[PDB]
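Below sits a lone chain in structure tokens, taken as the form deposited in one PDB entry.
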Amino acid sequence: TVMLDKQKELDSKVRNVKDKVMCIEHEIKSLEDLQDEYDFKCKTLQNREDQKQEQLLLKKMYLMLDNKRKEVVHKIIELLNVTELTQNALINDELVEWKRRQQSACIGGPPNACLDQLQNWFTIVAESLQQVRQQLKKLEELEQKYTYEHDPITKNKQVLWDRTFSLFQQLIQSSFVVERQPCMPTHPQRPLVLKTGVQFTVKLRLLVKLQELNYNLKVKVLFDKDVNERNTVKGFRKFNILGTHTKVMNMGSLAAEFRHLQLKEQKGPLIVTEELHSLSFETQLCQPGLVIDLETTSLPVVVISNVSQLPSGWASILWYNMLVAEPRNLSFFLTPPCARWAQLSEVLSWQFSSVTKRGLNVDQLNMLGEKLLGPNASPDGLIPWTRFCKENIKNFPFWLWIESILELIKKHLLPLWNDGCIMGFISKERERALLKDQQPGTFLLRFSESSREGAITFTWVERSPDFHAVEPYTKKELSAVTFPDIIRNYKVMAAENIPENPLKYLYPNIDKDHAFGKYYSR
């Protein structure tokens, strides 16, 4: 309802702007008519013979005209005052909030709202400002025909014109946005990480959708424009865009989609995966008596030469987007900041919920929180970038371990994870406390903390209670035989020297077959 309230308030302001410019149009029409009659009466005074009354009327008409000129000017000033407030809300609040929601969406957060509500608002205020500029030129025509000392039109014409242009320029400039961030179509859930020699796509949109602008604005893509790091950062790489750098905006939405774009290197405080670049977009509105430069940038992008570097590059996109709300902090990794657990936990859950149909619960995250922060884990605990992706927390880094787990789930364990069969992230002590006091064939599925590759293992309790675990299963084992088949056909030698399946009940208390029967190949 909070969102609705803001929306309805803006809708109201936009309606006020539209209505106000219509009122002025009607008032200006009446003003022209009064002036024309005033002109008539002044030229026909001689004919009247009835002369005194007519002379008195002429003075009254002047007064009415003066009052109406003052009234129209006052209304325009008020309209411009309302317009500024409304546009500032659209630009500095709503659109800023949409761009933030786009950052989150790129990194697995909740989906972006469609732009059409903001398009409607931006277009109405634009149409209104266009009309005002026409209204000011009509007023100037009236002034040219007739002007007096202390004429309101003469006194305010310069400022009213300057204000209106400044507002229109700001609104159309702000309406130029990156609707869809750069992304390789072959890696759709991995945006802002671009591989050299591969095709990528970016979409631009002008929120002010004016029919006259259709097919007229030509957008040019530039790589690393005004990037001081190419000078200040030693070893900074340089690239060129292959493919067409230009696209006309067309309508519905007035938009420009760049397909078939490609990056090629040119013939070290920052590593490749931490180096941040920018795509800039430029166009210009040119009309008789009207020129406006329009520019916008993408969010920072990481450029890689090998697919192997994609998980690391992704980690850097996640860090930036989670911690920064700016489009151009390209020196972010020179001195990277730390993240609170609360933010990281949400993002980590997002990773799972984007790749699979299931995210991470409090229990799984508490386990992970302890791996990063220790037994003292709090939601306000700070995790350094070096602890997330660079240092070996064991012989390996944390994000690489998490990633290899998500690729195992995607390629081999999707239905089990989605259905809730895998506990996955549980501490040894926690596993002990859940498993003990349970039935003799109780087991749980979880991921290995000692395996860099990404593995899965099961731990079962037995009455002497004794605990037992299996050597972990990597992708190689999973490719040959599915994991539900492994669970089904697992055998340990019993005390009677006969093979037996110790796996009887999935925690808390579910028959192996009921839980995994659906996934058995045979």
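The term rigid core refers to the maximal set of C-alpha atoms that superpose within 1.5 Å between the two forms. Numbering starts at 1 and follows the sequence shown.
What comes next is about the form deposited in another entry, which is not displayed.
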| item | value |
| --- | --- |
| Answer among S349, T201, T297, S331 for the CA shift between this form and the one not shown that reaches 2 Å or more, rigid core superposed | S331 |
| In the other form, shift in Cα separation for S331 relative to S349, 3 Å or more | closer |
| Shift in CA distance, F333 and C106, in the other form relative to the form shown here, given it is 3 Å or more | farther |
